[PDB]
Amino acid sequence: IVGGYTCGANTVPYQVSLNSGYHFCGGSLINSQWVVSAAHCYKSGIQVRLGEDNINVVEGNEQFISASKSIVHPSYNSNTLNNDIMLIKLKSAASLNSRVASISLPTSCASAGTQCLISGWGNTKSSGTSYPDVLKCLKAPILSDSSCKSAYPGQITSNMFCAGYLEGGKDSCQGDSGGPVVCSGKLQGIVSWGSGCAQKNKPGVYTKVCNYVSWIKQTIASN
Ligand SMILES: [Ca+2]
């Protein structure tokens, strides 16, 4: 997260870190046994880390649980990042509490102008590299479809939306991928892609979760 703020420990209780020996992506807890992330974050050997603030220090609210299965969206295209969504099942159910909690799925899509909270342990520099140890947060609005499409000609599908600031300086970034965009207590987006980070006229691009609620629910019901 570039140009954000320190969230505070366990203030974002649905935020997860995906760990394969090191943090490599975010995710969102959507029930005691399932996490949503970005398909471009797929790898084998995932451990899900819940209850984290400092990802390099054991602070006392963590739960580390190995994934038993990952399911990439059936129409994911790694060239265009269309359908950049994956589900991860935990080998055991997490213990839900005030610091480890699920986030609701949307019953309806959000609109341009809605304010959302974006979070992660990604790079904090727009030109340069610096990785935080504690969770960072950014409040940002959803941008219009027309401004999103104008920013990225020929690249924005009906399964994407843009959020952030066209002036630059505030955005998600590398290492935030797969993490949440929450608006009015609903998971509306997944950190997907962008040109660089926090660049002028190049806002963040997010997976449009409301398009996938049917697939998520059916997949969970049968796995
Ligand atoms: Ca920790």
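1. What about the pattern of salt bridges?
- Applying the stated criterion across every chain yields a total of one salt bridge.
- Residues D145 and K149 are paired through a salt bridge, measuring 3.1 Å at the closest nitrogen-oxygen approach. Within this pair, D145 and its partner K149 are both found in helix α1 (residues 145-151), separated by four residues, close to a single helical turn.

2. Remarks on the UniProt feature "binding site: substrate" in the protein chain
- The sites that carry the UniProt feature "binding site: substrate" are, in the present numbering, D171, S172, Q174, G175 and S177.
- Inspection of the secondary structure assignment puts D171 in the loop between β10 (160-163) and β11 (180-183).
- The class of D171 is buried, set by a relative accessible area of 4%.
- A polar contact is formed between the side chain of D171 and the backbone nitrogen of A198, at a distance of 2.9 Å.
- For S172, the location among the structural elements is in the loop between β10 and β11.
- Here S172 is in contact with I1, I118, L138, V191, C197 and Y206, once residues within four sequence places are set aside.
- At 2.8 Å, the side chain of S172 and the side chain of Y206 are in polar contact.

3. Examining the pairing of strand β4 (residues 34-37)
- The alternating pattern of β4 places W34 and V36 on one face and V35 and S37 on the opposite face, and all of these are buried.
- Summarising the sheet, strand β3 (residues 23-31) and β4 pair through three bridges and their orientation is antiparallel. For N31, the partnering residue across the bridge sits in β4 and is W34.
- Hairpin geometry of β3 and β4 is characterised by an intervening segment of two residues between the two adjacent antiparallel strands.
- Examined bridge by bridge, β4 and strand β7 (residues 86-90) share four bridges and lie antiparallel to one another. Its bridge partner lying in β7, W34 is registered against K89.

4. Looking at the domain arrangement of the protein chain
- On domain assignment, one finds that the protein chain holds domain 1 (1-12 + 103-210) and domain 2 (13-102 + 211-223).
- Just the C-alpha atoms count here: the centres of domain 1 and domain 2 sit 18 Å apart.
- Between domain 1 and domain 2, the contact holds 37 residues from the first and 38 residues from the second.
- In total, about 2,900 Å² of surface goes out of reach between domain 1 and domain 2, with carbon and sulfur atoms giving 55% of it.
- For the domain 1 face of the interface with domain 2, the top three residues by lost area are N10, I103 and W121, together amounting to 26%.
- Seen at the junction of domain 1 and domain 2, the total is zero salt bridges.
- At the junction of domain 1 with domain 2, the criterion picks out 24 residue pairs in polar contact.
- Sorting the residues of the side of domain 1 that touches domain 2 by element identifies β8 (115-120), β11, β12 (186-193) and β13 (204-208) as the ones contributing at least two each.
- Among the elements that make up the side of domain 1 that touches domain 2, the one with the highest residue count is β12 (five residues).
- Taken together, the residues that form the side of domain 1 that touches domain 2 break down as 19 nonpolar, 15 polar and three charged.

The rules behind each value
- Residue labels here follow a simple count from 1 along each chain's written sequence instead of the entry's numbering, which may differ, and residues missing coordinates are not shown.
- Just so you know, side-chain values use all the structure's heavy atoms and leave hydrogens and water out.
- Every case where a carboxyl oxygen of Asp or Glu lies within 4 Å of a side-chain nitrogen of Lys or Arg is listed as a salt bridge.
- For helices the rule is a DSSP run of H or I covering at least 4 residues; for strands it is a run of E covering at least 2, with both sets numbered from the N terminus onward.
- UniProt positions are given in the numbering used here, feature names are shortened, and annotations may be inferred rather than shown by experiment.
- For every residue, the accessible area obtained with a 1.4 Å probe (protein chains only) is divided by the maximum for its type, and the residue is called buried under 20%, exposed over 50%, and partly exposed between those limits.
- Polar contacts, as counted here, are pairs of nitrogen or oxygen atoms within 3.5 Å of one another; within protein the pair requires one atom able to donate a hydrogen and one able to accept it, and residues that are adjacent in sequence qualify only if both atoms are side-chain atoms.
- We call two residues in contact when some of their heavy atoms are within 4.5 Å.
- Any two strands between which DSSP finds at least two bridges are classified as paired.
- Domain ranges listed in this record stem from an automatic or a database domain assignment.
- Put simply, buried area is how much 1.4 Å-probe accessible surface two parts lose in total, over both of them, once they are put together.
- In the scheme used here, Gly and all other residues not listed as nonpolar or charged are polar, with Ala, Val, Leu, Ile, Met, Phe, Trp, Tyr, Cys and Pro taken as nonpolar and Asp, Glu, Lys and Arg as charged.

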